[PDB]
Each structure stands twice: as structure tokens, then as C-alpha cells.
Amino acid sequence: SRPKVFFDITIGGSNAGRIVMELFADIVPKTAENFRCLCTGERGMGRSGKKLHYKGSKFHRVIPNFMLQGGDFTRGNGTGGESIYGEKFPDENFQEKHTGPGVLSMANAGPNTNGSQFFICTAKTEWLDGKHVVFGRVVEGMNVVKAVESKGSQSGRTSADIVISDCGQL
Ligand SMILES: [Cl-]
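In this report, the structure presented in the accompanying data block is examined. (Residues numbered from 1 in each chain as written, not as in the entry; some residues may be left out. Heavy atoms only, no water. Residues with missing side-chain atoms left out of burial classes, pairs and counts.)

## Side note on unusual backbone geometry
Of note in the backbone geometry, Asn 65 takes a positive phi value of approximately 70 degrees without being a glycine. Phi is positive for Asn 112, which is not a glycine, with a value near 55 degrees.

And the structure:
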């Protein structure tokens, strides 16, 4: 009874595969619900007047041996995004930790500023523990994550556009 959601990814417009994620609704239900709803689009419109939906959004930064950073569906550059609760929402808890590749964690701009931006880790990032809320994990498609990672760079700039071409709940 953890929900599962997915991204179908394109690289330069072409399918790269599917990433399937399990969400820790048992541990961080409010955070999991935000992410689940951003996958389905079911809540409609955000504060921005744009759809609360990851579909069509790009990864703004992809950093080899660190993580993929995405979820800015209003600007695609790491300065936008919003949650189903409004512009920001509180840090629910820090129970789950950044233990390795496949960890799903919320990006933020300090305490209690969760929106829609998220991280998919490609390494163990323990220094983020207690600062970023971990709310799930990749359960299928780490090879897709690796393919995306290879289009990244140290600055995070991608050599081809990395887009969530479709998403939803399974
Ligand atoms: Cl905590």
C-alpha cells in the first residue's frame, strides 16, 4: 500500500524509458500525496495559474555522480515550481535518509519551503539528511536514470533536453 508512480522520459525528444517510483505514504503522507498528485495532475491549477502536473516539464540540472534535479514545471530552471498546498509546505519529518542511488528527496530553499522540485539521487548524499525530506525511491528504471545522468555535467547543464514526457500513478 505504498503508491507507485512513473515518469516516461525523453532525451532530445526520444523515449529513454520509464522510471517507476514507490512513495513512502506510510512515513510522509502529505509529501507523498503532493508528489503523487503532481504525477497525475488531478488537483488542477496551482497558485501560478498553471497545471499542477509534472507532464512536459524538464530536468533543470543533471549532475553525474550526484543526482537529477527536476520538478520545476512553471519555469524549468530551478527557480519555479509549487505544491498542491500552495507555493510552499512544511518539512513533514526527516525519518528517511539519503542512503544511496534511487533516493527521492525534496529540493527546497531552507526550512519548510517544499514545493514541486525534487531530487533523484545517483549516489549516497548523507549531508542532505535532516535538511531535505526523503519521500520515496526508484523501484524500476535506474538504468534510465543512468542514461539521463550521462547527458549531465558538473554545472548541471544537459547536452540534450530531458523531459518528463508522461507521468502518472500505477
Ligand atoms: Cl524528523
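## What about the packing of aromatic side chains?
Quick reminder of the rule: In summary, the pairing rule links any two rings of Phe, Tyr or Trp, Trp by its six-membered ring, whose centres are within 6.5 Å, and it sorts them by plane angle into stacked for under 30 degrees, edge-to-face for over 60 and tilted for everything else. To qualify as a helix, a DSSP run of H or I must reach at least 4 residues; to qualify as a strand, a run of E must reach at least 2; elements of each kind are numbered from the N terminus. Whether a residue is buried, partly exposed or exposed follows from its accessible area with a 1.4 Å probe, protein chains only, as a fraction of its type maximum: under 20%, in between, or over 50%, in that order.
Across all of its chains, the model carries 11 aromatic pairs by this definition. Arranged with centres 4.8 Å apart and planes meeting at 50 degrees, the rings of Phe 35 and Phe 135 form a pair that is tilted. On the criterion of sequence distance, the pair formed by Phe 35 in helix α1 (residues 29-40) and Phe 135 in strand β7 (residues 134-140) is long-range, its members being 100 residues apart. When its relative accessible area of 0% is taken as the criterion, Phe 35 is described as buried. Judged by its relative accessible area of 0%, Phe 135 falls in the buried class.

## Comments concerning the sheet that holds strand β1 (residues 4-11)
Counted only if it meets this: When DSSP finds at least two bridges between two strands, those strands are taken to pair. To define axes, lines are fitted to C-alpha atoms, for helices over the stretch in contact only, and angles between the resulting N-to-C directions are given on a 0 to 180 degree scale. For this analysis, residues touch if any pair of their heavy atoms sits within 4.5 Å.
What the eight strands build is an open sheet, ordered β3-β4-β6-β5-β7-β2-β1-β8; its pairing is antiparallel. Each end of this open sheet is capped by a strand with a single partner; those strands are β3 (61-63) and β8 (162-169). On average, each strand axis in the sheet is inclined to that of its neighbour by 25 degrees, with strand direction left out of account. Its contacts with the sheet put α1 on β1, β2 (14-23), β5 (103-106), β6 (118-121), β7 and β8, and the angle it makes with β8 is roughly 110 degrees.

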